[PDB]
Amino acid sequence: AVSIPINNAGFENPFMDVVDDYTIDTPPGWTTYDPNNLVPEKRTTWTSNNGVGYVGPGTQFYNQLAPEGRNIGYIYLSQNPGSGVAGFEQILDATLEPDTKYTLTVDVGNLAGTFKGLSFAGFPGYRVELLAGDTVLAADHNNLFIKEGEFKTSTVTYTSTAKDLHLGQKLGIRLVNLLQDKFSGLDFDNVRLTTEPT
């Protein structure tokens, strides 16, 4: 298996100085996936947003460190459950090749605890998608159980054929908060994509 490079794959940029601090602007390498217009252009804390968070020693919200490095990438939706889905997207330069198995892996985090009166109990559900063009080739919609305060690795696989309709289209990755329950913040880290062509 050969790795396909992913920009800002660990959400390590921007660098953060203080544990549990966070940015509220889309991290470099990624764009905001927002089909239901839940995330504003002008960002503020306490409203729907995305960014990075420093999950380091002494974090109050996990029983572990970030899966990789210092930071995680998060999507927080304050709208009520059922309002839509949102998250991160990254379109790669690599294109879909025939007779190839693609393996997309990402760690998904269930924030625990409470912050200034807002409980982090509960989890909104996640979906990890592998795209070619605008088509979702394969996705893991919420199959893993993630305990409060831990991360778990999601794996998504797709195998192309020699006559796949989407051959030559750009590969893409989406990391989605399903907003199916509250607390509706969701963390991701350590994105990896491999191929095993013939």
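Numbering starts at 1 and follows the sequence shown.
Taking the mean C-alpha B-factor of each stretch as recorded, 157-165 and 29-37 are not equal, and the higher mean is that of 157-165. Comparing 55-63 with 134-142, the higher mean C-alpha B-factor in the PDB entry belongs to 55-63. Out of 94, 128, 108, 77, the entry records its largest CA B-factor for 94. Per the deposited record, the Cα B-factor of residue 124 falls in the lowest third when ranked against the other modelled residues of its chain. For residue 17, the recorded CA B-factor ranks within the highest third of the chain. Only modelled residues enter the ranking. In the deposited entry, the Cα temperature factor of residue 103 sits in the middle third of values across the chain's modelled residues. Sort the chain's modelled residues by C-alpha temperature factor and residue 114 lands in the highest third, per the entry.
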